[PDB]
Structure formats: structure tokens, C-alpha cells
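Visitor:
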Ligand SMILES: O=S1C(c2ccc(O)cc2Cl)=CC=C1c1ccc(O)cc1Cl
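Chains as they are written, first to last, in the deposited numbering: chain A, 306 to 330, 337 to 417, 421 to 460, 472 to 530, 535 to 546; chain B, 307 to 336, 338 to 461, 468 to 533, 536 to 546; chain C, 688 to 696; chain D, 688 to 696.
(1) For the alpha helix (DSSP H) that contains residue 321/B, what are its first and last residues?
(2) Note down, in chain order, each residue of its chain lying with its Cβ closer than 6 Å to the Cβ of residue 520/B, except the 5 sequence neighbours on either side.
(3) Excluding the 5 residues preceding and the 5 following residue 374/B in the sequence, name in chain order all residues of the same chain whose CB lies nearer than 8 Å to its CB.
(4) With a threshold of 8 Å, establish whether the CB of residue 435/B neighbours any heavy atom of ligand 1.
(5) Locate the beta strand (DSSP E) running through residue 408/A, then write down its first and last residues.
(6) Check this for me: beta carbons of residue 315/A and residue 485/A, under 9 Å apart or not?
(7) Report yes or no: is there a C-beta of chain B within less than 9 Å of the C-beta of residue 431/A?
(8) Give the straight-line distance between the Cα atoms of residue 386/B and residue 422/B, rounded to the nearest whole angstrom.
(9) What first and last residue would you give for the beta strand (DSSP E) that runs through residue 546/B?
(10) Which stretch, first to last residue, makes up the alpha helix (DSSP H) that contains residue 445/A?
(11) Once you ignore the five residues that flank residue 356/A on each side, which residues in its own chain have a CB closer than 8 Å to its CB?
(12) Apart from the five residues just before and just after residue 438/B, which ones in its own chain have a Cβ nearer than 7 Å to its Cβ?
(13) Which residue wins for smallest C-alpha separation from residue 478/B, given the options 530/B, 368/B, 527/B, 347/B?
(14) Between residue 359/B and chain D, is any beta-carbon pair separated by less than 9 Å?
(15) Who are the near neighbours of residue 320/A in its chain, counting only those whose CB is closer than 8 Å to its CB and skipping five residues on each side?
(16) Between the stretch 366-377 of chain B and chain D, which residues of the former have a C-beta closer than 8 Å to a C-beta of the latter?
(17) Assuming residue 354/A and residue 536/A are in contact, meaning their beta carbons sit under 8 Å apart, how far apart are those beta carbons, in whole angstroms?
(18) Can you tell me which of 529/A, 379/A, 348/A, 526/A puts its alpha carbon nearest to the alpha carbon of residue 362/A?
(19) Consult DSSP for residue 425/B and reduce its assignment to one of helix, strand or coil.
(20) Going by beta-carbon coordinates alone, are residue 522/A and residue 544/A separated by less than 9 Å?
(21) Starting from residue 401/B, trace the beta strand (DSSP E) in both directions and tell me its first and last residue.
(22) Looking at residue 312/A and residue 481/A, is the spacing between their C-beta atoms short of 9 Å?
(23) For the alpha helix (DSSP H) that residue 475/A lies in, which residues bound it at each end?
(24) In whole angstroms, what is the alpha-carbon distance linking residue 490/B and residue 448/B?
(25) How about residue 476/A and residue 487/A: are their beta carbons less than 9 Å apart?
(26) Since residue 428/A and residue 517/A are thought to touch, with beta carbons under 8 Å apart, how far apart are those beta carbons, to the nearest angstrom?
(27) Taking DSSP as the reference, what is the three-state secondary structure of residue 326/B?
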């Protein structure tokens, strides 16, 4: 059913499935406890958001698991980067949890990369309809190598992304150039995720059983 | 650098291609440590050619030396892997590290942990084959990795020059696929398909660094490659 | 496998 | 620094 959508109903489906913006409840132990507790509550909503991504439900349960395990930190980062957009120099983890680069000490390497990505989304003026498409691509792409249905849905999100830029009035050159600029950002989100995974493995091994389960993979 | 035609863009990249090197591998003899030294010695000699190849990529020469150093030490393994993936395109099930160094998945099991990287490299090579990637699109993708893998970390209006060069290579990719008889929809899909590969090449590189930083202390390498790791 | 449980509910 | 020397030939 994911293949039969018009790019308009593909956009309306992703925006309707958008997860909420949760709240949090500065030593190195207290700040870590707040972020991991916030990320654990966000994992539950992302799981229900993933099932509402068209084409994800049609997959094997084991394939649903592998895609979510490979990209859960990427999804959390592009969401943070998106929420933190109109807050330059700041990362909006939660509406009550706004941290600066100085608080990054107690991480600061990944913190500046997240600030650099948010500044890039503002420079390009990334729209929300493009953001939910990029977030869906991350879900299906980052784990498809460890499939013929996945790439057919990936091509559709590409058709949906090109349609969004065509409606805004960009020439064909401006469309595939902006298309390339958006997808090349996903290589940096992948890079930030892997650099975050290796810190959590070192820093942790009190975290939840669910979040620990995501790391043992 | 910016006023070259897309036809002139592909010829400049295709002319700047580094050579294919051989290894000192001899099948009179088989070790996991000996096989590790062959991959490291081969990668070290390829880095010398890559440094000269990067200087011939349009837009790379205009950047400051500090930025040229930063782009290479952040993407050197990505360039090596996509080159290995390209050389192994039509050798399904095997990785063509060198014309004499052709390994399969069973020999990647001698070294620990590298099987995941090995099968991921194999999956990327099979992906290029089922897509039937052309050499003109390969030299474009490799040039994208050089200019993109370390651009976010960084004096700002040299970065704006980097994005302008990236925009031209994108048009060069669209230009080639428009000449191969594909519709604009098929061009946008293939353009998106190719750039999504780089997310996995980026992933394999980060996994390669983490494994390269384990045998470093364990002492199971060159001075140039050790400088790339200490960065 | 806790992820199995949430994907079913 | 070898990467610096090989870039200025
Ligand atoms: O960004 S983090 C994070 C998070 C939480 C809620 C979010 O919405 C997004 C993120 Cl990225 C939980 C733990 C993080 C983390 C904390 C410390 C560190 O050195 C590295 C990382 Cl990746």
C-alpha cells in the first residue's frame, strides 16, 4: 500500500505520525541520567512512529527490529537537530532542557557536530515535510545491507522529496542539487551516530533494559 | 575550477585516476598477522597516490592546506573502500584488494571482527553491480566523498566554495544519466540511490577506524597511516 | 527481547 | 607530519 500513495498523501501520512516532543524531569552523572531517561521514553514513541511509516509494517518482524536497532540513534539526532533549528548555538533536547556548548563538557565533539547540522538545516531552510521524509529514509536505509521492497519505498520518498521542491518553485537544477545536499547530510548523521554509540558503550558498561538492548547490537 | 563543462569534468576526474597497485602477497605461503600486514602495506602505498589524486580534483587545489589535510584524514578510508568496492564490482562474492590479492568471505574470517566489514563491503559491491554503476559516476561519487566527509567540521566562505563544487558534480551526475536515456524521475531516483550508498561507506569507515585502533595498541603499521589514525 | 514486545503492541 | 609534506610537491 506504500507504493500506491500520491506524494501528497505520503506527506500527510508522515506528518500525521510525527512523535510528540517530550519533556525531561549539572554534574556528569545527573546530566547523563536526564538525557538517557529522555531518550528511553522517546524510543517508545519512535517504535510506534516506525510502524506508521508506510511500508515499514509490510516487513518481517526481524527486519523491523534490525532497521530500528541500526538507526534509533540517528532518528533521535535528526529530531534533536530539527527541534534545535531556530535556536542557534543551542540544542533543544526538550522544551525545558536547552543546553549550550559549555554544558557539553559536563561529548563536546558530538555536540558541535549536532550544532553544525542544525546550522545547516537553517542555512538551507529545511521544511518540515522534507524533514519527515529524511527521517523515514534514515529508518529504511541505514540497515538494508545487513530488500527489493525497501528500495521501491526509498525511490518513492525520493519522488515525494522532489515533489515538495517542485511545489515551492525550484528549477530542475535547484531540485536535484538540494536533493543531493539533503542526502549528503545523512552521511554526517550516520557519522555522529557511530561516534555516539562508541561513547555510550564506554560510558555505560544506570541505563534502562530497552536502551541497553539497543546497544547490544 | 567552476567553469568546466560536465563533459570536461568527467575527463579531468578520469585522467586523475590513481593506478591499481599490487601487493607482496605470495600463495606459496598462507597468518592473520601476515594477511593484516599485506592490507596495511597496500593501503599505505595507495595513500601516496590518493594524496596526488586529491590535488587533481576540481576545487580541492583552491582550499587552504589545513583544510586539504582535514578532508583527507577524515575520508582516506572511505576513498580506499569505495575504490576496493569498485575494483570488485564484477567479482561477485570476492573482494579484489589487488590483481593478485583476491579474497573471499572465508578468508576474512581469519582476522577477527572484519567479517562484518567484509560482508558489508561485499554487499556494497553487489549493489554497484545490480545498479550497473558506470566509471563516470564512480569518479564523481569518489570526488563527493573527498569534499563532503569532512566539510561540516570545516573559515566559512571557503566552505561555500566547497558546496558550489559539490553542486556542480551533482549536475555532472545528472548530466551523465540524462545522456544514458533515463527520464527525470529515473535520474532523481538513481541520484538518490547513489548518495545513499555513501551513508554505508561512511558507516564501514567508522567501523574500520574502530578496528584499526584496536590492533594499534595490541600491536598485531606505517607512519603515514598511523598519523591518519591519530587524528 | 524487549523490542519484540513493543513492535507487537 | 607526513600528510603535510606529500601535499606540497
Ligand atoms: O545525544 S544523546 C541523547 C539524545 C537524547 C534525546 C534525543 O532526542 C536525542 C538524543 Cl541524541 C541520549 C545520550 C546522548 C549522548 C550523551 C553523551 C555522549 O558523549 C554522547 C551521546 Cl550520543
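Think of the CB as a built atom: it goes at the ideal place given N, C-alpha and C, for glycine as much as any other residue.
Guide: A quick look at the data gives this:
(1) 312-321
(2) 424
(3) 461, 468, 471
(4) no
(5) 408-410
(6) yes
(7) yes
(8) 20 Å
(9) Looking at the DSSP string, residue 546/B is not in any beta strand (DSSP E), and its letter there is neither H nor E.
(10) 442-455
(11) 324, 325, 327
(12) 506
(13) 368/B
(14) yes
(15) 442, 443, 446
(16) 372, 375, 376
(17) Contact doesn't hold; Cβ gap of about 11 Å is too wide.
(18) 379/A
(19) helix
(20) yes
(21) 401-405
(22) yes
(23) 473-492
(24) 14 Å
(25) no
(26) 6 Å
(27) coil
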